[PDB]
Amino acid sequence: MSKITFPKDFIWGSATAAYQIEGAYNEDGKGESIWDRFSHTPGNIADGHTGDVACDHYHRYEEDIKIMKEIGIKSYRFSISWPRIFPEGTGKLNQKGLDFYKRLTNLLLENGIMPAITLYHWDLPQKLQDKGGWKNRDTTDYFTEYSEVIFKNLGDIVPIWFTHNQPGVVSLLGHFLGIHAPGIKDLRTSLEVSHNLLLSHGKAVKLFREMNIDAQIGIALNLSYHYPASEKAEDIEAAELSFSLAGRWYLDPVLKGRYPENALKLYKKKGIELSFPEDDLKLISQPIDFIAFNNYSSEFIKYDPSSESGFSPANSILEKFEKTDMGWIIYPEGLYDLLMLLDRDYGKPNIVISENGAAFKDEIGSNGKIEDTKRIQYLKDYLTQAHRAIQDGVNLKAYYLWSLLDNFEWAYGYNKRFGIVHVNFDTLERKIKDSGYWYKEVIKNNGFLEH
C-alpha cells in the first residue's frame, strides 16, 4: 500500500460547457448559435438529439451548485455563451444574458467555489457564421470585443480564464470533416480557421494584459501523446508528424510563436502553402500564465510509406487495450508521458488539466445508486499518473474532471455519459454517481490510497 497525496494547494475541479448543459436555447434574447443550427438539421446528431433543453442548467444552476458543494469541488470550469451576450455577435449587448453569468459567478463564490471561465466553447453566433465565421478575420476582433465585456464585468472575481477550448476540434471536425458545426468540409478553410482561432486568442490575451486583469489566463488545447509503433527512426518521425498535425499545430504557435515545420512541409506537399502576417505569430504567442489541455487517450502511429499522410494508426498495438464507451483506448501512462513532454519541451510551464474523464454505460441500480466502477478506475489510474509527473517535477497545478454532469456529447447527443452526476434527460433529475462520491473523498483527502 502507498498513500497518494497531491500538492498542498492543488486545485480539484470539474468542467462543463454552455451548449452541453444550459438549454434555454431561445430564451432571454439569446441569439442562435452555429450549434443550434447544426443540431436542428436532420442527420447531424445521433438520434435527432438537440441541445435545446440539455440539462436545463440555465434554470437549475442553483441545484447544480448545491451538488458541487456536496462533492466539494474547489473550482468549477464553465463556458459563457457568446450569443447570450451579443446575440448578433456584435452590436447591442444583451444585459439579461450578462446578468445570468454575473449571478452564476456570484453564487459560486458565495459557496466557496472558485470560478474558471472559458470564453469560447464552440457556440459561435450564427449571424457571424453568415458572414464567414472563423474564416473571416473580422471575427477575431468581434471575439475580443466580447471578451472585453466579460473581462470588465467578471475579470477581478474570476481567477482562471481560458480563451478557447479545443480550437483544433473546431477546425478539424467543424471545417474539414464537417461532422461538427458549422459543417464545413474544406482543408484550406479549416487551416485559415485554425489561424484565426489562434489569432483571437492572442488578441484576447493582449487585451487581458492591457486591462490589467488581476487573474491568470491561458488556453485549453486537445492534447495526446503520439507513441511511435517502434524505436525505428521512421516510426518516431511518423509519430512526430502525427503530433505536429494535431495538438502541436496549436501548441507550437502559442508557446513558441511558430507553426511546426514538419506539418507545414506536408501541407505544402498537398498543395497548401500558408501565408500569414509576421506579427500574427508574435500576437498568438503572447505570454500566458499557464498552458491547459484536455486529454483522454493516446495515439499509436506507424510509418505508412504508400499513404498520402505517410503515417497511420498502429492497429495491432491499439487492439491490445481496453476501451471506453467512446471506443478510445485506456492507457493511463500516456498522461504521464504527455505531462513530461510539456514540461520538457516548453520550459516547465505551469500546467492545467482542463478536462480528463471517461464515458461508460451507466445503470441506475435498484438502490438508486450508479455503481460506475469502470469510471472510478479510469479516473484513479489517470490521476495516479498525473501525480507521478508531479513527483518528477511537472508544474501541474489543477485537474478539472470532465464532466460534472451528463450532457450533450455533440454529434453523439445524449448517448455518451461523461458525468460524475447522472442526468435523466427526460425528467432533468440529477443523481450523484459513485464516481461523484469517490471524487468527493479524493478532494477531502487530497488524493487516495493505492493497494
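The first residue of the shown sequence is 1; numbering continues from there.
The mean C-alpha temperature factor is higher for 312-320 when 312-320 and 293-301 are set side by side. When 32-40 is weighed against 383-391, 383-391 comes out higher, by mean CA B-factor as recorded in the entry. Reading the B-factor column for the CA atoms of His121, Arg248, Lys265, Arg77 in the entry, the top value corresponds to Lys265. Between the residues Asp343, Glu88, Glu355, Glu145, the entry's highest C-alpha temperature factor is the one at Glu145. Looking at the C-alpha B-factors along this chain, the one for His57 belongs to the lowest third. Among the modelled residues of the chain, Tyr331 sits in the middle third by CA temperature factor in this PDB entry. Among the modelled residues of its chain, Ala215 has a C-alpha B-factor that falls in the highest third, as given in the PDB entry. When the modelled residues of the chain are ordered by C-alpha B-factor, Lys69 sits in the highest third.
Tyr259: CA B factor lies in the highest third for its chain, per the PDB record.
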